[PDB]
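Protein chains in written order, with the entry's author numbering: chain A, 33 to 134, 150 to 185, 187G, 188 to 309, 312 to 321, 321A, 322 to 358, 360 to 396, 407 to 459, 464 to 504; chain E, 128 to 135, 152 to 173; chain D, 1 to 30, 30A, 31 to 106; chain C, 1 to 35, 35A, 36 to 52, 54 to 77, 77A to 77D, 78 to 82, 82A to 82C, 83 to 100, 100A to 100L, 101 to 111; chain G, 1 to 35, 35A, 36 to 52, 54 to 77, 77A to 77D, 78 to 82, 82A to 82C, 83 to 100, 100A to 100L, 101 to 111; chain B, 521 to 547, 565 to 662; chain F, 521 to 542, 566 to 662; chain J, 522 to 545, 559 to 662. Ideal Cβ placement from N, Cα and C applies to all residues, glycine included. In what follows, a structure is listed as structure tokens, so that the remarks can point back to it.
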Ligand SMILES: *[C@@H]1O[C@H](CO)[C@@H](O[C@@H]2O[C@H](CO)[C@@H](O[C@@H]3O[C@H](CO[C@H]4O[C@H](CO[C@H]5O[C@H](CO)[C@@H](O)[C@H](O)[C@@H]5O[C@H]5O[C@H](CO)[C@@H](O)[C@H](O)[C@@H]5O)[C@@H](O)[C@H](O[C@H]5O[C@H](CO)[C@@H](O)[C@H](O)[C@@H]5O)[C@@H]4O)[C@@H](O)[C@H](O[C@H]4O[C@H](CO)[C@@H](O)[C@H](O)[C@@H]4O[C@H]4O[C@H](CO)[C@@H](O)[C@H](O)[C@@H]4O[C@H]4O[C@H](CO)[C@@H](O)[C@H](O)[C@@H]4O)[C@@H]3O)[C@H](O)[C@H]2NC(C)=O)[C@H](O)[C@H]1NC(C)=O
Ligand SMILES: *[C@@H]1O[C@H](CO)[C@@H](O[C@@H]2O[C@H](CO)[C@@H](O[C@@H]3O[C@H](CO[C@H]4O[C@H](CO[C@H]5O[C@H](CO)[C@@H](O)[C@H](O)[C@@H]5O[C@H]5O[C@H](CO)[C@@H](O)[C@H](O)[C@@H]5O)[C@@H](O)[C@H](O)[C@@H]4O)[C@@H](O)[C@H](O[C@H]4O[C@H](CO)[C@@H](O)[C@H](O)[C@@H]4O[C@H]4O[C@H](CO)[C@@H](O)[C@H](O)[C@@H]4O[C@H]4O[C@H](CO)[C@@H](O)[C@H](O)[C@@H]4O)[C@@H]3O)[C@H](O)[C@H]2NC(C)=O)[C@H](O)[C@H]1NC(C)=O
Ligand SMILES: *[C@@H]1O[C@H](CO)[C@@H](O[C@@H]2O[C@H](CO)[C@@H](O[C@@H]3O[C@H](CO[C@H]4O[C@H](CO)[C@@H](O)[C@H](O)[C@@H]4O)[C@@H](O)[C@H](O[C@H]4O[C@H](CO)[C@@H](O)[C@H](O)[C@@H]4O[C@H]4O[C@H](CO)[C@@H](O)[C@H](O)[C@@H]4O)[C@@H]3O)[C@H](O)[C@H]2NC(C)=O)[C@H](O)[C@H]1NC(C)=O
Ligand SMILES: *[C@@H]1O[C@H](CO)[C@@H](O[C@@H]2O[C@H](CO)[C@@H](O[C@@H]3O[C@H](CO[C@H]4O[C@H](CO)[C@@H](O)[C@H](O)[C@@H]4O)[C@@H](O)[C@H](O[C@H]4O[C@H](CO)[C@@H](O)[C@H](O)[C@@H]4O[C@H]4O[C@H](CO)[C@@H](O)[C@H](O)[C@@H]4O)[C@@H]3O)[C@H](O)[C@H]2NC(C)=O)[C@H](O)[C@H]1NC(C)=O
Ligand SMILES: *[C@@H]1O[C@H](CO)[C@@H](O[C@@H]2O[C@H](CO)[C@@H](O[C@@H]3O[C@H](CO)[C@@H](O)[C@H](O)[C@@H]3O)[C@H](O)[C@H]2NC(C)=O)[C@H](O)[C@H]1NC(C)=O
Ligand SMILES: COc1cnc(-n2cnc(C)n2)c2[nH]cc(C(=O)C(=O)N3CCN(C(=O)c4ccccc4)CC3)c12
Ligand SMILES: *[C@@H]1O[C@H](CO)[C@@H](O)[C@H](O)[C@H]1NC(C)=O
Ligand SMILES: *[C@@H]1O[C@H](CO)[C@@H](O)[C@H](O)[C@H]1NC(C)=O
Ligand SMILES: *[C@@H]1O[C@H](CO)[C@@H](O)[C@H](O)[C@H]1NC(C)=O
Ligand SMILES: *[C@@H]1O[C@H](CO)[C@@H](O)[C@H](O)[C@H]1NC(C)=O
Ligand SMILES: *[C@@H]1O[C@H](CO)[C@@H](O)[C@H](O)[C@H]1NC(C)=O
Ligand SMILES: *[C@@H]1O[C@H](CO)[C@@H](O)[C@H](O)[C@H]1NC(C)=O
Ligand SMILES: *[C@@H]1O[C@H](CO)[C@@H](O)[C@H](O)[C@H]1NC(C)=O
Ligand SMILES: *[C@@H]1O[C@H](CO)[C@@H](O)[C@H](O)[C@H]1NC(C)=O
Ligand SMILES: *[C@@H]1O[C@H](CO)[C@@H](O)[C@H](O)[C@H]1NC(C)=O
Ligand SMILES: *[C@@H]1O[C@H](CO)[C@@H](O)[C@H](O)[C@H]1NC(C)=O
Ligand SMILES: *[C@@H]1O[C@H](CO)[C@@H](O)[C@H](O)[C@H]1NC(C)=O
Ligand SMILES: *[C@@H]1O[C@H](CO)[C@@H](O)[C@H](O)[C@H]1NC(C)=O
Ligand SMILES: *[C@@H]1O[C@H](CO)[C@@H](O)[C@H](O)[C@H]1NC(C)=O
Ligand SMILES: *[C@@H]1O[C@H](CO)[C@@H](O)[C@H](O)[C@H]1NC(C)=O
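Shown next as structure tokens:
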């Protein structure tokens, strides 16, 4: 005769959704310079990790239903908003800018009237404005800033540093995170080597548009991950075994000068370039792009019926979708990517370093399509940044060849490569079994 | 100030000046 | 391996009358692993109840199931013309899956 | 949504082979799904043949050594496809056939149990007579 | 605030009947409050005659059958009113009388216990002599 | 609360049940984005432990890993014998099998504990 | 805490106690957070007392403290047969602190004596 | 609560009855606000709750379950300490002792857990 017996601590789990907090590395803040990401607030500092290898257990993983990616998108949108709430409103400067109009520079020098510290008086100021920000309104023709009909602009506070640093997402007691640990893990399917991990590996919050930078490379081969390999409206994310290196610089040094637009408010304007006027560029090695591009073509061949693969330059859109976009050191850039993504594999082998032109811009708009926007203040020194590209985002063209065009930016797709292997599963400790003992 | 036609929930059709998105130029709104 | 039988084998009923079709298994399905089907004439069967008494989405609520040991039953209250057809009873407990003999309900 | 379509009808003679293939519009992949082959009978109850579950083919004890099962999931142009082949065809094979799928993403739902599962979405069926 | 007022003095004779009514100002309802009747003989100690609590009337065994207690609550024009009528009057009935009120909204205050109470507010008096 | 040793059957895992407790310790004033998440996380853990300990306490086990309860086994809840329950069925599989009779089991355990409590007072007089 | 059976005499209700039981900031969200802490906090408080006296999870806990008639004067039958629980707890509401202290001291004294027996 | 901490271990052990007795409070008033003072109380509540829950969590795993004097059948290894009962309980305070043996608290906790779970397993065998 069996009798009911109760156990605490049995190995059982069910899927779940929870608030996962941020934990960061030992270094406080970011070496004492405040970040947009507020890493200093989020520092339940990371202790040595414990990982247990679940043995003989198989789990099913789908990466397009993960709630971990959805939480991150919201947290990053919010951290930027809290950072720019104290900063100056640039509403005084939505006035007619009379700029001199007519190799060529993008500067377009302009003149406008602006409010002084005393409310009654006014001043006339001159600033160098990139052609990308200013839109013609219909010598010395009138112009206006791009976001004067759809958005309120707020200057970035000068000291905050947009340096992306690793953020680890950790789970409260009673919940666990599970990592797939399987080579060439297609993202969606049954997974055999699951391990129980307390907190995610560091993810750099870097947002980029056509090429994924400073990411983590895949373990054994190039992997194509997409939500519906049949739809032409779903982006294809490619992950690379090995990295290609891109170095980007703005060669000509400029000056920043500050104008007082109100009581206590300063707008920093770009100044005349000392030294030689020069154009920004990004250097990618010719041999390396071609080898890695060649491998992406073979993988695309397998899932696409062995047709020839034609890569073409991006068709149209706002500047972000058409051009590679990234922040080098507080300065957003929008480089031309046609030389990189113009070829037919199924194969240019030119091996000379490829230099792609870059045009910078200063008024940046929220990707969601919401009304608000930001202005990024000028950076005084020459800027150089070195980076590794670990992925491409490509989207297929409308129905003997398939044409793939470079892809734009949904902030989420940047991190899907990073969080494909994690699932939060709740642990239910209690259990009842039939045993032979019998005594209350 | 609203310049509303008078003796001309009724409506009293009105005229006033308003600020365009540009901080200098102004419009007339009915 | 296991065998299942369903009775009443053929039934007659009018609109607005409760129907009591029962299912019996040779073994004791204590895990409540039983499913119910209802196919219209010349049509593929459709799942209606799984795990004894669980309803699928987009299905009329008049279908109800009861499960207790060996006796599995399905109750159709306030019958309509759309719900006539052939009903089935299957076990998902042990390999291979098995199906009920097959019962038809007619006007 | 989910929709299943199989091949057409065939009329053949004993000592031959015939295959029917189902094309599922709505199944993202067969890794977290499963295909169950069920053969209806001319007047009798439905029967079970075999399945592909985590790309592990199997068949019932009454069809072992004859029926073969294979499947290919999402491609560039085609949806997932699963196929059944009848070898050494006989008079007893004169019945309709169905290809069926049930979801396997959550263990706790109750639509599956240790590989023996229900049949959620049913195809139209292909009458085959010999 | 709370204030009680009663009738004036009366000089009666045996075999008659007299009534004393107290009107309470500041008492919202007699449902929450309770009304207790006490008579003080000159020199001698105070005594308990009767009460109306939750609209139920009662009197002490000694005074039962000779005393009537009635009450009416708020009326746009008047405050809540309670009345006592002595019947079959005798010489021993010569005393001042008081009408009192105690809060009984909450049972954890200690002023009332099961219908026996400590009278918080005491009226002025209505001397009756015969 | 353990993860790991989930693949093994009851007979293997139960021996290491001791180990689950054994090896290890076992088991904000800011309105920033990270700070509020931390507040919610703290409450979630405390609340969960207390719910689990409240459920354990009512049956009178009182914070012990293996608890014997004087409740006879009902053949409606299950059929399999001790060997084929404890030799080839994992804990997740079993808890999925008997997920329709957890509420009744809990109620029976609570009623049995209350009855045992009442029967004790009588002995003491 | 079973409301219901609150108008019955102590003896009857005692028999029927068979079973005991069973972020964002917005106007609603803060209220929900406060409601959670209130419950956790409350449960812990009764448990802290019970455990100090040695009860530890028993609905009915027997204690060695004797009854002093300066707390009550009535007999067992008067107290149990005709007094409801809200009447008795109001009737002895002046001697709860002393009772709590006496049970705590008695539990500690029993706790100390056992160590002596074990040597 | 702390008090009379200067006495030796033996002197303060017989006064542990006073420490336990007399309610061994503030911040219990519900506010539901987000002012400067409204958040500090909200955090203090959680701090107290977590501290008490952690302490009672550690206590329970060794089979004490809310008793002040918890006896355990774990032998004393001389590596943790040399001194005898008199030298421990006659001329040493609790702070002194807990600072002396602060390198062997984790091992002591682990050994107590092993002993409790092994004793728990032994009983099930006897019952069958
Ligand atoms: C919210 O909504 C609620 C529901 O709608 C509402 O609740 C109701 O409120 C109203 C008030 O607005 C309540 O109505 C009042 O109730 C009073 C209580 O009456 C009870 O008690 C008397 C007396 O009881 C003794 O006598 C009887 C009969 O002899 C015995 O059977 C008793 O056991 C008891 O005897 C014991 O006690 C004696 C001492 O008093 C001892 O001597 C004795 O030995 C015993 O120990 C009863 O008569 C009443 O019974 C009534 O009901 C029964 C059925 O159950 C009937 O059979 C019976 O005939 C009665 O109808 C009851 O038990 C009433 O006294 C009060 O009556 C006055 O008002 C009405 C009009 O409403 C008049 O018609 C009536 O004449 C009374 O007026 C007198 O008093 C006022 C006060 O100032 C005077 O101004 C007035 O002039 C008059 O005085 C004159 O006549 C007197 C003779 O009566 C005389 O003595 C005077 O000297 C003077 O000449 C009234 O009806 C009602 O009960 C509530 N109901 C409920 C369910 O709650 C609530 O108000 C609402 N809230 C708000 C804010 O609105
Ligand atoms: C994300 O990333 C993951 C990780 O990489 C990726 O996962 C991979 O997905 C692949 C699919 O894309 C998947 O590959 C398929 O695997 C299928 C399973 O193969 C196993 O089983 C078969 C059959 O097993 C039978 O038979 C053998 C030998 O007879 C026997 O030994 C077995 O025991 C078993 O017999 C049992 O059952 C019998 C009945 O079935 C019974 O009779 C027996 O008695 C016994 O009981 C084995 O042969 C295999 O070796 C495997 O063990 C596999 O079937 C499938 O093959 C098809 O595709 C190949 C190309 O990839 C072709 O080369 C092959 O011929 C198959 O193509 C046939 O089927 C399609 C379907 O329509 C048809 O269109 C074709 O024309 C062709 O049909 C023709 O030939 C067949 C005969 O073969 C005839 O019957 C037809 O009539 C036609 O004439 C795939 O190979 C891979 O396993 C999986 N990897 C992992 C690790 O999971 C995932 O896909 C990625 N996701 C995305 C979206 O990209
Ligand atoms: C990834 O993305 C791709 C592309 O978007 C997607 O593939 C498409 O999926 C949809 C389903 O969401 C498919 O639409 C269904 O297709 C079937 C099959 O039709 C075939 O045959 C016709 C005629 O020859 C062809 O034109 C067609 O292209 C197919 O080859 C249709 O039968 C379905 O019809 C239903 O929709 C009708 C409205 O259009 C409704 O009237 C009705 O609901 C139809 O279903 C009804 O049919 C039963 C009879 O059979 C009837 O009795 C029932 O009442 C039932 O309601 C439907 O149009 C589309 O074909 C797919 N296209 C391709 C190229 O694959 C993938 O699904 C997607 N993957 C994921 C995981 O989301
Ligand atoms: C609902 O709303 C109504 C209307 O607002 C309210 O009724 C009124 O209540 C107030 C109390 O809040 C009553 O004021 C008291 O009335 C009594 C009775 O006065 C009567 O007699 C006089 C003289 O003949 C008339 O003028 C009057 O109209 C009444 O007929 C007064 O005696 C009270 O006097 C106190 O106030 C004096 C200042 O005016 C102070 O000098 C002193 O505090 C008085 O109290 C003193 O009296 C004792 C002697 O008895 C003395 O020894 C003490 O020292 C004590 O201090 C007071 O004015 C008012 O009359 C009510 N009016 C009506 C029409 O009813 C209800 O109360 C309210 N209900 C609720 C539940 O809130
Ligand atoms: C054994 O337990 C399982 C899960 O606890 C039971 O399954 C559940 O059955 C109920 C029956 O009322 C389902 O509720 C219904 O859900 C449908 C879904 O559309 C809804 O439309 C109905 O109105 C009703 O709410 C519930 O969904 C279902 N749970 C799951 C996860 O499927 C099962 O019934 C139990 N076995 C027996 C024999 O009772
Ligand atoms: C810059 O866009 C905002 C502008 N302004 C605000 N504002 C907050 N308060 C107010 C008044 N505006 C914003 N809040 C959230 C914002 C975002 O998260 C957001 O969309 N991205 C931030 C991350 N990223 C970039 O770095 C970026 C990177 C490479 C190339 C081009 C742009 C993508 C877009 C946001
Ligand atoms: C700018 O302000 C000055 C006042 O000093 C005024 O003379 C001038 O006309 C203004 N500019 C324009 C374009 O009106
Ligand atoms: C633009 O040019 C001048 C600057 O020389 C500016 O002050 C004026 O507002 C504009 N004049 C026109 C109409 O060209
Ligand atoms: C899973 O990964 C671990 C470590 O990466 C490895 O030891 C183990 O062999 C892997 N599992 C399988 C089935 O290969
Ligand atoms: C990816 O890189 C590794 C080494 O980094 C190499 O062994 C492998 O062959 C590469 N992938 C392919 C598909 O060649
Ligand atoms: C470039 O310009 C900046 C700003 O004037 C200056 O600080 C820096 O020294 C310049 N660099 C060189 C190499 O002249
Ligand atoms: C980019 O910089 C690295 C390190 O400075 C260098 O090795 C690499 O060659 C550079 N890229 C090109 C295309 O020269
Ligand atoms: C690419 O650059 C990143 C920048 O931190 C570095 O971490 C990574 O190791 C580099 N990759 C290789 C292959 O060196
Ligand atoms: C259920 O238990 C009974 C014993 O009462 C036994 O005869 C029967 O075979 C069992 N059924 C199964 C499926 O084990
Ligand atoms: C589990 O049960 C099956 C049949 O009941 C039996 O063949 C198998 O041996 C059992 N598992 C083990 C590990 O013995
Ligand atoms: C009654 O006994 C208690 C303890 O048993 C004591 O504290 C109290 O003082 C005693 N009462 C009297 C009046 O002695
Ligand atoms: C109340 O206590 C006194 C002495 O303290 C005792 O004489 C009396 O009998 C008690 N009351 C009853 C009803 O027994
Ligand atoms: C309790 O006392 C009241 C009044 O003192 C009485 O009416 C009641 O009958 C008593 N209880 C019992 C059970 O007799
Ligand atoms: C001391 O003895 C215990 C046995 O009670 C043992 O577990 C521990 O490892 C020993 N200490 C050392 C340092 O070996
Ligand atoms: C503590 O130890 C020393 C050893 O030198 C001893 O002399 C002293 O008396 C001890 N303390 C007490 C209070 O006895």
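- DSSP lists 4/G as the beta-bridge partner residues of residue 24/G.
- Not a single C-beta of chain D is nearer than 9 angstroms to the C-beta of residue 632/B.
- At least one heavy atom of ligand 16 falls within 8 angstroms of the beta-carbon of residue 613/F.
- Residues are counted here when their Cβ sits less than 8 angstroms from a Cβ of chain D; for the stretch 614-633 of chain B these are 614, 615 and 616, given in chain order.
- Close partners of residue 165/E in chain A (Cβ separation under 8 angstroms): 126, 127, 128, 192 and 196.
- Under the three-state reduction of DSSP, residue 369/A is assigned to helix.
- Interface residue (Cβ-Cβ distance to chain J less than 9 angstroms): residue 419/A is not classified as such.
- Looking from the CA of residue 305/A, the closest CA among 175/A, 153/A and 268/A belongs to 175/A.
- By the neighbour-count definition (other C-beta atoms within 10 Å, threshold 16), residue 103/C is a buried residue.
- Counting C-beta pairs with one atom in each stretch, the stretch 50-61 of chain D and the stretch 83-90 of chain D have fewer than three that are closer than 8 angstroms, which means they do not touch.
- For residue 120/A, the secondary structure class from DSSP, reduced to helix, strand or coil, is coil.
- In the three-state reduction of the DSSP assignment, residue 592/F falls in the helix class.
- With respect to the 9 angstroms criterion, residue 566/F and residue 576/F are classified as neighbours on the basis of their beta carbons.
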